[PDB]
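Participant: Before anything else, here's the structure in question.
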Amino acid sequence: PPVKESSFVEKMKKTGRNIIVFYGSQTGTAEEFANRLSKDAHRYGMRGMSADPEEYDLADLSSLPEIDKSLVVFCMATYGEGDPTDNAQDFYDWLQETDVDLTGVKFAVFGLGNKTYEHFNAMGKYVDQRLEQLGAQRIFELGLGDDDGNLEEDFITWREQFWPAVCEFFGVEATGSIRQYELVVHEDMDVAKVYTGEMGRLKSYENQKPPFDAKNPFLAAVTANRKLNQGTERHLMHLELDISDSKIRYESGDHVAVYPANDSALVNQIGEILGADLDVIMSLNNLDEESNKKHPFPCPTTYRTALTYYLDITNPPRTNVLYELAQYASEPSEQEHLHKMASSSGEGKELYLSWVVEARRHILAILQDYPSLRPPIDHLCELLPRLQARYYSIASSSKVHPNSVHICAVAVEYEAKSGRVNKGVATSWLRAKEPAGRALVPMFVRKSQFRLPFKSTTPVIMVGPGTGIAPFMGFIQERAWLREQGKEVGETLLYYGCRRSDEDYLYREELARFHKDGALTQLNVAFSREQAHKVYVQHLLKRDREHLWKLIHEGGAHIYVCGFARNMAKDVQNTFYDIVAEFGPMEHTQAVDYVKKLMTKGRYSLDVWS
Ligand SMILES: Cc1cc2nc3c(=O)[nH]c(=O)nc-3n(C[C@H](O)[C@H](O)[C@H](O)COP(=O)(O)OP(=O)(O)OC[C@H]3O[C@@H](n4cnc5c(N)ncnc54)[C@H](O)[C@@H]3O)c2cc1C
Ligand SMILES: Cc1cc2nc3c(=O)[nH]c(=O)nc-3n(C[C@H](O)[C@H](O)[C@H](O)COP(=O)(O)O)c2cc1C
């Protein structure tokens, strides 16, 4: 229940703006595009602004025609079941209820989707179709960005054609380095007025007061951090975060989010190579005193702190960041390279995709491989995108561990084609937390729809290969609990998979116990590498087809699938089609409808992380 800002049309009028770009984003991709489009307004004699549809009354769209050459653009990402992003929720519901007339409104839509989902860019497709039905006229074709390929490139391609169309329609042409903030170094700063990594209110990390959430995370102490796998090929860990006194509620199936810190050595190095003093206390105030975002991140603060807690310094810099940096490359060929990274075709496009994206070169890596690139630290901090929270499937039951949130994660570390060893931000940070001054992890809980059945007699079929075992340790703790409580619990099956029982069989002992005690009716483990051929969880599902069909069709069984690989989820889904087709019996097509029907009925749940 946020307090809506005043009419954005009136705001546009007052600031002389004629184009507004709204973003339907969840993890910032769409926000960045909207901001990039809004910044483009200038290059064409127009003045724009970006905005969060949740903070406004979209009904005011009907007043947009009161501004000459007015235009509204929508950058929307599609989520769970072709649903809108949280922030675009009210807009979505509204578009369904309203009879409002938008005659004279000119709009354009760029959708962010993926093709590896049942409803590709549903949101974008809807916003674009609905706006026309209400009477608004499309000024440029709907953009169907695909994140399965390179969304960034699609955006660039769409955009390179968007503006010429807009210029042609409105009768305006092009006009051939604009900074969003100004630097204000502080000399006398009461130490108590300097942000040191809090996400929200000053000193909120130190003075913790409920309720806790994304904007006011609870600093949970790590009471446990142990190695889960037996071998050393990889490092899988299990942590326990104490949420006592936080008044935080959670149930198995929910995800726990964390705000990490970047590697100090990496931060230190970025400062070193630029010759900048990371310990300078300062602020970056928006040059547009009209905007609401007065700072790119909590200020005043030091660079070190920004680079440490507020900025992303590990993922590959996007085209516009490289483009704005070119100016700081004292070597011609390098300045040229950076400048051409944003090309929509040719060698320039090939270089960004192979040398930047594919090689996973972070900013420091680019500063090293292009020795002439020596930008001022403050302009860099303005260009780098914000550091995001990382999510994890809570690996414990709140009925058994009401005061603790468990995590099961695989540490990320790999060789990038850039030649260096890339480290996962959150997993490295977590791996380093020792129970000891106790080690704290800023966190919060995100409710999900991944839940055990309400009726305890209902059979549960769990499929979780590798790290996907995470949410299931909670389910098993819970089901075992329901039994201890004397209640009647139906069958609980676990289809787990790993490479070798002696390499990475997670929770081998715990699972063994649950099975012996009957908490786990069946412990089916696929050891993918203990023989020449691959053996995965679906092969076991196929093996037990007769019993699973009995549990599903006549037992009311609920199915759960969790893990990284989207392909694994598809393979598992395919096996269920075949099981249903065989024992119905029924044709493949009907088996597909049957299984997809289990989903819409809440009997087939997924928690895929890719
Ligand atoms: C809802 C949800 C639930 C999840 N649950 C868990 C969980 O419970 N347990 C768990 O282990 N993870 C889980 N994750 C993944 C987790 O959120 C993080 O993405 C993961 O821990 C890595 O984060 P990080 O900051 O350590 O690495 P980051 O710095 O975020 O780097 C991640 C990126 O590195 C790149 N990358 C990784 N390996 C390679 C490679 N070898 N070659 C090239 N590029 C590579 C990819 O772009 C990958 O996206 C879940 C994710 C989501 C969204
Ligand atoms: C949990 C989750 C669910 C998604 N569901 C869909 C979907 O149904 N359809 C689709 O086209 N894309 C889907 N996507 C892909 C996103 O729309 C795409 O990655 C978008 O770039 C994210 O933008 P954002 O960072 O602005 O939220 C999903 C991504 C996640 C993480």
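Lettering and numbering for the structure tokens are positional, with chains as A, B, ... in the shown order, residues counted from 1 in each chain, and ligands counted from 1 in the shown order.
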Around ligand 2, out to 6 Å and counting only C-alpha atoms and all ligand atoms, which residues are there? I want them as a list in words.

Facilitator: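 For ligand 2, the residues inside 6 Å are residues 25, 26, 27, 28, 29, 30, 31, 77, 78, 79, 80, 81, 82, 112, 113, 114, 115, 117, 119, 120, 121 and 147 of chain A.
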
Participant: Would you kindly return, as a ChimeraX atom specification, each protein, DNA or RNA residue with an atom no farther than 8 Å from any atom of range 589-600 of chain A, considering only C-alpha atoms and excluding same-chain residues fewer than 2 positions away?

Facilitator: /A:576-578,580-581,586-587,602-605

Participant: Kindly export the residues of the current selection with N, CA, C and O atoms, as a PDB file, in the first residue's frame.

Facilitator:
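Everything below was put into part-v4.pdb:
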ATOM      1  N   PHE A 576       6.997 -37.982 -17.121  1.00  0.00           N
ATOM      2  CA  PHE A 576       5.653 -38.097 -16.549  1.00  0.00           C
ATOM      3  C   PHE A 576       4.614 -38.220 -17.656  1.00  0.00           C
ATOM      4  O   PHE A 576       3.601 -38.888 -17.471  1.00  0.00           O
ATOM      5  N   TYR A 577       4.858 -37.597 -18.810  1.00  0.00           N
ATOM      6  CA  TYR A 577       3.902 -37.723 -19.912  1.00  0.00           C
ATOM      7  C   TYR A 577       3.821 -39.197 -20.287  1.00  0.00           C
ATOM      8  O   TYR A 577       2.737 -39.781 -20.357  1.00  0.00           O
ATOM      9  N   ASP A 578       4.989 -39.795 -20.525  1.00  0.00           N
ATOM     10  CA  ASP A 578       5.048 -41.198 -20.907  1.00  0.00           C
ATOM     11  C   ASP A 578       4.421 -42.138 -19.875  1.00  0.00           C
ATOM     12  O   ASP A 578       3.783 -43.124 -20.250  1.00  0.00           O
ATOM     13  N   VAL A 580       1.956 -41.440 -17.769  1.00  0.00           N
ATOM     14  CA  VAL A 580       0.515 -41.246 -17.855  1.00  0.00           C
ATOM     15  C   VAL A 580      -0.050 -41.862 -19.139  1.00  0.00           C
ATOM     16  O   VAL A 580      -1.099 -42.507 -19.118  1.00  0.00           O
ATOM     17  N   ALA A 581       0.650 -41.660 -20.250  1.00  0.00           N
ATOM     18  CA  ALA A 581       0.228 -42.212 -21.534  1.00  0.00           C
ATOM     19  C   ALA A 581       0.129 -43.731 -21.443  1.00  0.00           C
ATOM     20  O   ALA A 581      -0.849 -44.325 -21.884  1.00  0.00           O
ATOM     21  N   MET A 586      -3.622 -43.535 -22.743  1.00  0.00           N
ATOM     22  CA  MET A 586      -4.114 -42.421 -23.548  1.00  0.00           C
ATOM     23  C   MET A 586      -2.980 -41.967 -24.449  1.00  0.00           C
ATOM     24  O   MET A 586      -1.811 -42.241 -24.163  1.00  0.00           O
ATOM     25  N   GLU A 587      -3.324 -41.287 -25.537  1.00  0.00           N
ATOM     26  CA  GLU A 587      -2.334 -40.795 -26.480  1.00  0.00           C
ATOM     27  C   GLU A 587      -1.453 -39.727 -25.836  1.00  0.00           C
ATOM     28  O   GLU A 587      -1.825 -39.116 -24.835  1.00  0.00           O
ATOM     29  N   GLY A 602      -2.506 -27.425  -8.795  1.00  0.00           N
ATOM     30  CA  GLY A 602      -1.582 -27.356  -7.675  1.00  0.00           C
ATOM     31  C   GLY A 602      -0.998 -28.689  -7.253  1.00  0.00           C
ATOM     32  O   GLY A 602      -0.528 -28.831  -6.126  1.00  0.00           O
ATOM     33  N   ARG A 603      -1.015 -29.666  -8.156  1.00  0.00           N
ATOM     34  CA  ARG A 603      -0.483 -30.985  -7.847  1.00  0.00           C
ATOM     35  C   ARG A 603       0.871 -31.289  -8.507  1.00  0.00           C
ATOM     36  O   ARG A 603       1.447 -32.356  -8.321  1.00  0.00           O
ATOM     37  N   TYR A 604       1.387 -30.336  -9.269  1.00  0.00           N
ATOM     38  CA  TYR A 604       2.682 -30.486  -9.929  1.00  0.00           C
ATOM     39  C   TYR A 604       3.356 -29.125  -9.794  1.00  0.00           C
ATOM     40  O   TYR A 604       3.028 -28.174 -10.520  1.00  0.00           O
ATOM     41  N   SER A 605       4.294 -29.041  -8.855  1.00  0.00           N
ATOM     42  CA  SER A 605       4.982 -27.789  -8.562  1.00  0.00           C
ATOM     43  C   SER A 605       6.455 -27.767  -8.963  1.00  0.00           C
ATOM     44  O   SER A 605       7.166 -28.773  -8.882  1.00  0.00           O
TER      45      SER A 605
END

Participant: Residues of range 193-348 of chain A classed as alpha helix (DSSP H) by DSSP on the backbone are to be reported as a PyMOL selection string.

Facilitator: chain A and resi 264-274+303-305+319-325+332-340+347-348

Participant: Please produce a file of those selected residues containing N, CA and C atoms, as a CSV table (one decimal), in the first residue's frame.

Facilitator:
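Written output follows (out.csv):
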chain,number,residue,atom,x,y,z
A,264,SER,N,36.9,-8.2,-1.3
A,264,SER,CA,37.7,-7.0,-1.0
A,264,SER,C,38.9,-6.9,-1.8
A,265,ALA,N,39.6,-8.0,-2.2
A,265,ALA,CA,40.7,-7.9,-3.1
A,265,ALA,C,40.4,-7.4,-4.4
A,266,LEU,N,39.2,-7.8,-5.0
A,266,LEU,CA,38.8,-7.3,-6.3
A,266,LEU,C,38.5,-5.8,-6.2
A,267,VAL,N,37.8,-5.4,-5.1
A,267,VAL,CA,37.4,-4.0,-4.9
A,267,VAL,C,38.7,-3.2,-4.8
A,268,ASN,N,39.6,-3.6,-3.9
A,268,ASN,CA,40.9,-3.0,-3.7
A,268,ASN,C,41.6,-2.8,-5.1
A,269,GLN,N,41.6,-3.8,-5.9
A,269,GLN,CA,42.3,-3.8,-7.2
A,269,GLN,C,41.7,-2.8,-8.1
A,270,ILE,N,40.4,-2.6,-8.2
A,270,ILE,CA,39.7,-1.7,-9.1
A,270,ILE,C,40.2,-0.3,-8.7
A,271,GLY,N,40.3,-0.1,-7.4
A,271,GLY,CA,40.7,1.2,-6.9
A,271,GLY,C,42.2,1.5,-7.2
A,272,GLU,N,43.0,0.5,-7.1
A,272,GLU,CA,44.4,0.6,-7.4
A,272,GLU,C,44.7,0.9,-8.8
A,273,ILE,N,44.1,0.2,-9.8
A,273,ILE,CA,44.3,0.4,-11.2
A,273,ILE,C,43.8,1.8,-11.7
A,274,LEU,N,42.9,2.4,-11.0
A,274,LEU,CA,42.4,3.7,-11.4
A,274,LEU,C,43.1,4.8,-10.7
A,303,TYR,N,33.8,5.2,-1.7
A,303,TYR,CA,33.8,4.4,-2.9
A,303,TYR,C,33.9,2.9,-2.5
A,304,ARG,N,34.9,2.6,-1.6
A,304,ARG,CA,35.1,1.2,-1.1
A,304,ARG,C,33.7,0.6,-0.8
A,305,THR,N,33.0,1.3,0.1
A,305,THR,CA,31.7,0.8,0.5
A,305,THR,C,30.7,0.6,-0.7
A,319,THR,N,26.5,-2.9,-23.0
A,319,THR,CA,26.9,-2.0,-24.1
A,319,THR,C,27.0,-0.5,-23.8
A,320,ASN,N,25.9,0.0,-23.2
A,320,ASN,CA,26.0,1.5,-22.9
A,320,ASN,C,27.1,1.8,-21.9
A,321,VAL,N,27.4,0.9,-21.0
A,321,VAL,CA,28.4,1.2,-20.0
A,321,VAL,C,29.8,1.3,-20.7
A,322,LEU,N,30.0,0.3,-21.6
A,322,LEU,CA,31.2,0.3,-22.3
A,322,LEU,C,31.3,1.5,-23.2
A,323,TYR,N,30.2,1.9,-23.8
A,323,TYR,CA,30.1,3.0,-24.7
A,323,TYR,C,30.5,4.3,-24.0
A,324,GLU,N,29.9,4.5,-22.8
A,324,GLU,CA,30.2,5.8,-22.0
A,324,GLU,C,31.7,5.8,-21.5
A,325,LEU,N,32.3,4.6,-21.4
A,325,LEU,CA,33.7,4.5,-20.9
A,325,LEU,C,34.7,4.8,-22.0
A,332,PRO,N,43.6,5.2,-29.0
A,332,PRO,CA,42.6,5.1,-30.1
A,332,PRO,C,41.9,3.8,-30.4
A,333,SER,N,42.7,2.8,-30.7
A,333,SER,CA,42.1,1.5,-31.1
A,333,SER,C,41.2,0.9,-30.0
A,334,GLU,N,41.6,1.2,-28.7
A,334,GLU,CA,40.8,0.7,-27.6
A,334,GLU,C,39.5,1.6,-27.4
A,335,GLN,N,39.6,2.9,-27.5
A,335,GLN,CA,38.5,3.8,-27.5
A,335,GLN,C,37.5,3.4,-28.5
A,336,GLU,N,38.0,3.1,-29.7
A,336,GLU,CA,37.2,2.7,-30.8
A,336,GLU,C,36.5,1.4,-30.5
A,337,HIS,N,37.2,0.4,-30.0
A,337,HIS,CA,36.6,-0.9,-29.6
A,337,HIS,C,35.4,-0.7,-28.7
A,338,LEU,N,35.7,-0.1,-27.6
A,338,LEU,CA,34.6,0.2,-26.6
A,338,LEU,C,33.4,0.9,-27.2
A,339,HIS,N,33.7,1.9,-28.0
A,339,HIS,CA,32.6,2.6,-28.7
A,339,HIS,C,31.8,1.7,-29.6
A,340,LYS,N,32.4,0.7,-30.3
A,340,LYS,CA,31.7,-0.1,-31.2
A,340,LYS,C,31.0,-1.3,-30.5
A,347,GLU,N,31.6,-6.7,-36.8
A,347,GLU,CA,32.7,-7.1,-35.9
A,347,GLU,C,32.5,-6.5,-34.5
A,348,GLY,N,32.0,-5.3,-34.4
A,348,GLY,CA,31.8,-4.6,-33.1
A,348,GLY,C,30.8,-5.4,-32.2

Participant: For ligand 1, which residue among A:502, A:415, A:582, A:544 is the nearest when counting only C-alpha atoms and all ligand atoms?

Facilitator: A:415

Participant: What is the distance, in Å and to one decimal place, between CA of residue 500 in chain A and CA of residue 528 in chain A?

Facilitator: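 Spanning CA of residue 500 in chain A to CA of residue 528 in chain A is a straight-line distance of 6.9 Å.
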
Participant: Pick the closest to ligand 1 from A:291, A:345, A:177, A:393: which is it, counting only C-alpha atoms and all ligand atoms?

Facilitator: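 Ranked by minimum distance to ligand 1, first place goes to A:393.
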
Participant: Give me, as an NGL selection string, the residues of range 374-493 of chain A that a backbone DSSP run labels strand (DSSP E).

Facilitator: :A and (390-393 or 404-410 or 413-415 or 421-423 or 440-446 or 460-465 or 492-493)

Participant: Extract, using only C-alpha atoms, all DNA, RNA and protein residues at most 8 Å from range 483-487 of chain A, discarding same-chain residues fewer than 4 positions from it, and format them as a list in words.

Facilitator: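 The residues satisfying every condition are residues 456, 479 and 519 of chain A.
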
Participant: Kindly export the residues of the current selection with N, CA and C atoms, as a PDB file, in the first residue's frame.

Facilitator:
ATOM      1  N   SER A 456      -2.258 -34.298   5.276  1.00  0.00           N
ATOM      2  CA  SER A 456      -1.062 -35.076   5.552  1.00  0.00           C
ATOM      3  C   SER A 456      -1.118 -36.497   4.994  1.00  0.00           C
ATOM      4  N   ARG A 479       7.501 -33.612   7.134  1.00  0.00           N
ATOM      5  CA  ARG A 479       6.715 -34.837   7.076  1.00  0.00           C
ATOM      6  C   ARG A 479       7.064 -35.748   8.254  1.00  0.00           C
ATOM      7  N   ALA A 519      10.355 -41.967   7.600  1.00  0.00           N
ATOM      8  CA  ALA A 519       9.913 -40.623   7.237  1.00  0.00           C
ATOM      9  C   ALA A 519       9.927 -40.545   5.707  1.00  0.00           C
TER      10      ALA A 519
END

Participant: As a list in words, please: the residues near residue 198 in chain A (cut-off 10 Å, only C-alpha atoms, same-chain neighbours under 6 positions excluded).

Facilitator: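 Near neighbours after the sequence-gap exclusion: residues 204, 205, 206, 215, 216, 217, 259, 298, 305, 309, 310 and 442 of chain A.
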
Participant: Would you mind exporting N, CA, C and O atoms of the selected residues as a JSON list (two decimals), in the first residue's frame?

Facilitator:
[["chain", "number", "residue", "atom", "x", "y", "z"],
["A", 204, "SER", "N", 20.37, 1.14, 9.82],
["A", 204, "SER", "CA", 19.36, 0.10, 10.02],
["A", 204, "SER", "C", 19.98, -1.29, 10.20],
["A", 204, "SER", "O", 19.33, -2.20, 10.70],
["A", 205, "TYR", "N", 21.22, -1.46, 9.77],
["A", 205, "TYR", "CA", 21.90, -2.75, 9.91],
["A", 205, "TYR", "C", 22.34, -2.90, 11.36],
["A", 205, "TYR", "O", 22.43, -4.00, 11.88],
["A", 206, "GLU", "N", 22.62, -1.77, 11.99],
["A", 206, "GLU", "CA", 23.06, -1.73, 13.38],
["A", 206, "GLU", "C", 21.89, -1.68, 14.36],
["A", 206, "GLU", "O", 21.89, -2.38, 15.37],
["A", 215, "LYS", "N", 13.84, -4.10, 1.89],
["A", 215, "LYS", "CA", 14.36, -2.77, 2.17],
["A", 215, "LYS", "C", 14.85, -2.56, 3.60],
["A", 215, "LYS", "O", 15.36, -1.50, 3.93],
["A", 216, "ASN", "N", 14.70, -3.59, 4.43],
["A", 216, "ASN", "CA", 15.14, -3.56, 5.83],
["A", 216, "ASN", "C", 15.42, -5.01, 6.21],
["A", 216, "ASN", "O", 14.69, -5.62, 6.99],
["A", 217, "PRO", "N", 16.50, -5.58, 5.66],
["A", 217, "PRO", "CA", 16.90, -6.97, 5.92],
["A", 217, "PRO", "C", 17.35, -7.19, 7.34],
["A", 217, "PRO", "O", 17.86, -6.29, 8.00],
["A", 259, "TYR", "N", 21.96, -10.30, 0.87],
["A", 259, "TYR", "CA", 22.72, -9.21, 0.26],
["A", 259, "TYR", "C", 24.19, -9.51, 0.56],
["A", 259, "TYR", "O", 24.63, -9.44, 1.70],
["A", 298, "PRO", "N", 22.82, 4.43, -1.68],
["A", 298, "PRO", "CA", 22.96, 5.12, -0.40],
["A", 298, "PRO", "C", 24.15, 6.07, -0.25],
["A", 298, "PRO", "O", 25.30, 5.64, -0.32],
["A", 305, "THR", "N", 32.97, 1.27, 0.07],
["A", 305, "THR", "CA", 31.66, 0.78, 0.50],
["A", 305, "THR", "C", 30.71, 0.57, -0.68],
["A", 305, "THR", "O", 30.00, -0.42, -0.74],
["A", 309, "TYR", "N", 29.34, -3.06, -1.24],
["A", 309, "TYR", "CA", 27.96, -3.47, -0.99],
["A", 309, "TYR", "C", 26.84, -3.02, -1.94],
["A", 309, "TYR", "O", 25.77, -3.64, -1.96],
["A", 310, "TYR", "N", 27.06, -1.97, -2.71],
["A", 310, "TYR", "CA", 25.98, -1.49, -3.57],
["A", 310, "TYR", "C", 26.11, -1.73, -5.07],
["A", 310, "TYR", "O", 25.12, -1.71, -5.80],
["A", 442, "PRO", "N", 22.82, -10.33, 5.94],
["A", 442, "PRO", "CA", 21.59, -9.55, 5.79],
["A", 442, "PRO", "C", 20.64, -10.38, 4.95],
["A", 442, "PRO", "O", 20.99, -10.77, 3.84]]

Participant: Using only C-alpha atoms, which residues sit within 9 Å of residue 130 in chain A once same-chain residues fewer than 6 positions away are excluded, as a JSON list (two decimals) with N, CA, C and O atoms, in the first residue's frame?

Facilitator:
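What landed in selection.json:
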[["chain", "number", "residue", "atom", "x", "y", "z"],
["A", 95, "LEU", "N", -5.72, -2.75, -16.42],
["A", 95, "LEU", "CA", -5.93, -2.94, -17.86],
["A", 95, "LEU", "C", -7.05, -3.94, -18.13],
["A", 95, "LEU", "O", -7.67, -3.93, -19.20],
["A", 96, "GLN", "N", -7.31, -4.82, -17.16],
["A", 96, "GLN", "CA", -8.37, -5.81, -17.34],
["A", 96, "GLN", "C", -9.75, -5.28, -16.98],
["A", 96, "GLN", "O", -10.74, -5.69, -17.59],
["A", 136, "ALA", "N", -5.69, 3.37, -28.02],
["A", 136, "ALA", "CA", -4.39, 3.99, -28.22],
["A", 136, "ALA", "C", -3.77, 3.48, -29.51],
["A", 136, "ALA", "O", -4.06, 2.36, -29.93]]

Participant: Which residues are near residue 214 in chain A? Cut-off 10 Å, only C-alpha atoms, ignore same chain within fewer than 2 positions. Put them as number ranges by chain.

Facilitator: A: 199-200, 212, 216-218, 257-259, 389, 442-446

Participant: Keeping only C-alpha atoms, take the residues you just selected and write them out as a PDB file, in the first residue's frame.

Facilitator:
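Final file, part10.pdb:
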ATOM      1  CA  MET A 199      20.344  -1.113   2.111  1.00  0.00           C
ATOM      2  CA  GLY A 200      17.662   1.165   3.524  1.00  0.00           C
ATOM      3  CA  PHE A 212      12.192  -7.041   8.083  1.00  0.00           C
ATOM      4  CA  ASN A 216      15.137  -3.556   5.827  1.00  0.00           C
ATOM      5  CA  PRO A 217      16.897  -6.966   5.916  1.00  0.00           C
ATOM      6  CA  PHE A 218      17.541  -8.793   9.151  1.00  0.00           C
ATOM      7  CA  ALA A 257      17.334 -13.785  -0.047  1.00  0.00           C
ATOM      8  CA  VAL A 258      20.740 -12.401   0.921  1.00  0.00           C
ATOM      9  CA  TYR A 259      22.716  -9.212   0.260  1.00  0.00           C
ATOM     10  CA  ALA A 389      20.301 -10.095  -3.681  1.00  0.00           C
ATOM     11  CA  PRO A 442      21.588  -9.550   5.790  1.00  0.00           C
ATOM     12  CA  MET A 443      18.518 -11.477   4.712  1.00  0.00           C
ATOM     13  CA  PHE A 444      14.781 -11.621   4.206  1.00  0.00           C
ATOM     14  CA  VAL A 445      12.179 -14.197   3.152  1.00  0.00           C
ATOM     15  CA  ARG A 446      10.204 -14.352  -0.111  1.00  0.00           C
TER      16      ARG A 446
END

Participant: Nearest residue to residue 92 in chain A out of A:10, A:24, A:301, A:44, using only C-alpha atoms?

Facilitator: A:24

Participant: Can you list, as a list in words, every protein, DNA or RNA residue that comes within 10 Å of range 418-420 of chain A when you count only C-alpha atoms, leaving out same-chain residues fewer than 3 positions away?

Facilitator: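 Near range 418-420 of chain A, the qualifying residues are residues 354, 355, 356, 357, 358, 359, 360, 361, 362, 365, 366, 369, 414, 415 and 423 of chain A.
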
Participant: For the selection just defined, write its residues with N, CA and C atoms to a file, as a compact mmCIF listing (two decimals), in the first residue's frame.

Facilitator:
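Done, and the output landed in part.txt:
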# COMPACT_ATOMS: atom_id res chain seq x y z
N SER A 354 31.55 -12.10 -27.79
CA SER A 354 32.57 -13.11 -27.53
C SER A 354 33.55 -12.70 -26.44
N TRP A 355 34.19 -11.54 -26.63
CA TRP A 355 35.19 -11.00 -25.71
C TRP A 355 34.64 -10.45 -24.38
N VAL A 356 33.40 -9.98 -24.38
CA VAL A 356 32.82 -9.46 -23.14
C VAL A 356 31.86 -10.44 -22.48
N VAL A 357 30.76 -10.75 -23.16
CA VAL A 357 29.75 -11.66 -22.64
C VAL A 357 30.24 -13.10 -22.48
N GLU A 358 30.57 -13.74 -23.59
CA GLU A 358 31.05 -15.12 -23.57
C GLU A 358 32.27 -15.34 -22.66
N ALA A 359 33.21 -14.39 -22.63
CA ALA A 359 34.40 -14.53 -21.80
C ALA A 359 34.14 -14.18 -20.35
N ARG A 360 32.98 -13.58 -20.10
CA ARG A 360 32.60 -13.20 -18.75
C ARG A 360 33.60 -12.23 -18.12
N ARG A 361 34.12 -11.31 -18.94
CA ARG A 361 35.06 -10.29 -18.46
C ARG A 361 34.35 -9.26 -17.59
N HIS A 362 34.74 -9.15 -16.33
CA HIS A 362 34.12 -8.16 -15.48
C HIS A 362 34.81 -6.82 -15.76
N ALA A 365 38.62 -6.72 -15.36
CA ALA A 365 39.25 -7.45 -16.45
C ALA A 365 39.37 -6.59 -17.70
N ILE A 366 38.35 -5.76 -17.97
CA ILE A 366 38.39 -4.91 -19.14
C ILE A 366 39.41 -3.79 -18.95
N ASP A 369 42.73 -5.54 -19.69
CA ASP A 369 42.94 -5.90 -21.10
C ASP A 369 42.92 -4.70 -22.05
N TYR A 414 34.88 -20.91 -11.43
CA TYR A 414 35.05 -21.54 -12.74
C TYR A 414 36.11 -20.77 -13.52
N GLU A 415 36.57 -21.36 -14.62
CA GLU A 415 37.54 -20.71 -15.49
C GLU A 415 36.72 -20.01 -16.57
N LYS A 423 34.66 -15.74 -9.52
CA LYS A 423 34.08 -16.18 -8.26
C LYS A 423 32.64 -15.68 -8.12

Participant: Nearest residue to ligand 1 out of A:47, A:179, A:17, A:406, using only C-alpha atoms and all ligand atoms?

Facilitator: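 The shortest atom-to-atom distance to ligand 1 comes from A:406.
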
Participant: If you take only C-alpha atoms and a cut-off of 10 Å, which residues of range 197-238 of chain A touch range 462-476 of chain A, and what are their nearest atom pairs and distances in Å to one decimal, in chain and number order, as JSON lines?

Facilitator:
{"residue": "A:236", "atom": "CA", "partner": "A:467", "partner_atom": "CA", "distance": 8.2}
{"residue": "A:237", "atom": "CA", "partner": "A:467", "partner_atom": "CA", "distance": 9.8}
{"residue": "A:238", "atom": "CA", "partner": "A:470", "partner_atom": "CA", "distance": 9.5}

Participant: Can you write out the residues you just picked, keeping C-alpha atoms, as a tab-separated table (two decimals), in the first residue's frame?

Facilitator:
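Output saved as selection07.tsv:
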chain	number	residue	atom	x	y	z
A	236	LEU	CA	28.75	-27.72	-1.55
A	237	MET	CA	27.86	-26.07	1.74
A	238	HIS	CA	25.11	-26.02	4.37

Participant: Give me, please, the distance in Å between CA of residue 103 in chain A and CA of residue 142 in chain A, quoted to one decimal.

Facilitator: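 A separation of 18.9 Å between them.
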
Participant: For residue 405 in chain A, which of A:151, A:122, A:276, A:256 is the closest residue, counting only C-alpha atoms?

Facilitator: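 Using only C-alpha atoms, residue 405 in chain A sits closest to A:256.
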
Participant: Please, which residues in range 45-108 of chain A fall within 12 Å of range 155-166 of chain A when counting only C-alpha atoms, and what is the closest atom pair and distance in Å to one decimal for each, ordered by chain then residue number, as CSV?

Facilitator:
residue,atom,partner,partner_atom,distance
A:45,CA,A:163,CA,11.3
A:46,CA,A:166,CA,10.5
A:69,CA,A:166,CA,9.5
A:70,CA,A:166,CA,10.6
A:71,CA,A:166,CA,9.1
A:72,CA,A:166,CA,11.4
A:73,CA,A:162,CA,10.4
A:75,CA,A:155,CA,9.8
A:76,CA,A:155,CA,11.9
A:106,CA,A:166,CA,10.0
A:107,CA,A:166,CA,10.3
A:108,CA,A:162,CA,8.5

Participant: Keeping only C-alpha atoms, write the selected residues as a CSV table (one decimal), in the first residue's frame.

Facilitator:
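Listed below is the output, result.csv:
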chain,number,residue,atom,x,y,z
A,45,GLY,CA,15.3,16.8,-29.5
A,46,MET,CA,12.9,15.3,-27.0
A,69,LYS,CA,4.3,14.8,-29.5
A,70,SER,CA,3.6,12.8,-26.3
A,71,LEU,CA,4.7,9.2,-26.2
A,72,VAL,CA,4.6,6.3,-23.7
A,73,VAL,CA,6.9,3.3,-23.9
A,75,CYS,CA,9.5,-2.2,-21.1
A,76,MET,CA,7.9,-5.2,-19.5
A,106,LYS,CA,0.8,7.0,-28.8
A,107,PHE,CA,2.6,4.0,-27.3
A,108,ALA,CA,5.4,1.4,-27.9

Participant: Work out how far atom 21 (O, counted along the ligand's line) of ligand 1 is from CA of residue 505 in chain A, in Å to one decimal.

Facilitator: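 Separation between CA of residue 505 in chain A and atom 21 (O, counted along the ligand's line) of ligand 1: 18.6 Å.
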
Participant: Restricting the calculation to only C-alpha atoms and all ligand atoms: of A:239, A:541, A:341, A:535, which residue gets closest to ligand 1?

Facilitator: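 Result for the nearest residue to ligand 1: A:239.
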